[PDB]
Amino acid sequence: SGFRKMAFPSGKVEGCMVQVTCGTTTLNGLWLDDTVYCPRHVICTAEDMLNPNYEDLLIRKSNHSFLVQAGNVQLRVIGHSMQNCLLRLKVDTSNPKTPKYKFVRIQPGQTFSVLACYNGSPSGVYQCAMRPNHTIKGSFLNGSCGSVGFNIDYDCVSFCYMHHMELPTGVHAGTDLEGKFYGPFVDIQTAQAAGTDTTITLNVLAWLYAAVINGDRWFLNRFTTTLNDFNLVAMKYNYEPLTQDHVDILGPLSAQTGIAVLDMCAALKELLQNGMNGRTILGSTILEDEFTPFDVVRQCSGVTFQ
Ligand SMILES: *C(=O)[C@H](Cc1cnc[nH]1)NC[C@H]1C[C@@H]2CCCC[C@H]2CN1C(=O)CCNc1ccccc1
């Protein structure tokens with residue numbers, strides 16, 4: 001029993017973290033096989049950043065402009081290229097700890113684990129959702145760029161995020177591992193802000209199912225809703241609209257618990273209208289939205305408590 005934000009074991013990723021230095025800028029990169037990935041802004045100084053031209057900054061560097069350290073082993077760069085907002089550095093050694101992996105561009109509302117690193121050195125790990133506004137509520141200090149986000153499925157690490165920057169509100173922005181920002185952001189010091197965010201409706205409902213799997217039913221009711229009248233209600237309360245595909249996704253949890261997805265939607269609808277009456281769900285005073293349907297199935301028992 002219990003229900004906690006839980007990240008994936010970090011070992012496989014830890015053995016991929018290196019330090020990348022260009023001039024007096026230092027950050028993290030990811031070493032898989034004979035390449036190292038890192039934020040391209042490592043070639044910038046504080047002067048450059050606000051209006052940099054990466055192409056023009058980069059042609060001005062050589063391979064030995066880049067210093068790559070793996071523990072205390074110096075790795076020699078023998079090639080480099082830019083790919084969107086990411087540099088790929090080719091090194092003279094293939095990482096012996098490379099795990100099976102792929103890269104994935106994750107969708108808003110999905111979750112990943114983050115290995116926070118400084119100076120190539122893993123310091124901590126937490127779990128984050130991709131917000132609808134394409135931010136993540138991370139925990140990151142200066143030097144944390146190049147830290148990655150990932151999921152693990154069997155033996156295989158699906159890398160899906162690398163950190164670049166922090167926004168005025170204190171949330172974080174970055175790219176997938178082909179260098180393409182999540183959201184409308186750029187790696188320039190520009191007057192860019194988090195857009196308005198929304199609550200992830202699919203995850204809230206998933207987490208309500210979690211509560212029922214672990215034995216709690218207090219927030220249910222006798223009513224049902226149309227998908228459409230749920231959405232009139234959802235919008236008022238700044239929840240994402242529920243679609244039929246989100247309904248389909250909850251089938252397996254609907255089936256484990258015997259609560260119809262639209263009956264659970266009427267439950268949520270009532271919760272939004274009335275509050276939680278000083279009560280808690282899975283230990284929270286508030287509705288939670290950073291657990292996905294998959295996260296619930298992964299962590300909860302396959303046998304419901306009653
Ligand atoms: C990652 O290493 C950090 C980002 C970070 C810090 N805390 C959470 N996340 N690098 C930030 C760099 C690069 C970004 C590139 C996009 C535009 C803004 C730019 C800001 N960065 C800075 O380092 C600015 C910090 N100011 C500063 C002043 C004086 C001395 C050091 C740093």
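Numbers here are sequence positions counted from 1. Computation of the quantities below employed the complete heavy-atom set of this structure, encompassing side-chain atoms and omitting hydrogens, waters and symmetry-equivalent molecules. Counting starts at 1 for both ligands and their atoms, in listed order.
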Check ion pair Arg279-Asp216 (N to O, under 4.0 angstrom)
no
Under 6.0 Å from the CZ atom of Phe294, do we count more than 12 heavy atoms belonging to anything else shown?
no
Please tabulate, one line per pair, the protein N or O atoms found under 3.5 Å from any N or O atom of ligand 1, giving the distance to one decimal.
| residue | atom | partner | partner atom | Å |
| --- | --- | --- | --- | --- |
| ligand 1 | 2 (O) | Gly143 | N | 3.3 |
| ligand 1 | 2 (O) | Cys145 | N | 2.9 |
| ligand 1 | 7 (N) | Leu141 | O | 3.2 |
| ligand 1 | 9 (N) | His163 | NE2 | 2.9 |

Check the hydrophobic clustering (I, L, V, M, F, W, Y; side-chain heavy atoms under 4.5 Å; chains of links allowed) and say if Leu205 and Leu262 are grouped together.
yes
With a 4.0 Å cut-off, would you call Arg222 and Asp263 a salt bridge?
no
Among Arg76, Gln74, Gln19, side chain to side chain contact (heavy atoms under 4.5 Å, CB included) partner for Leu67
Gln74
State yes or no: do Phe159 and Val36 share one hydrophobic cluster built from I, L, V, M, F, W and Y residues joined by side-chain heavy-atom distances below 4.5 Å, directly or via other members?
no
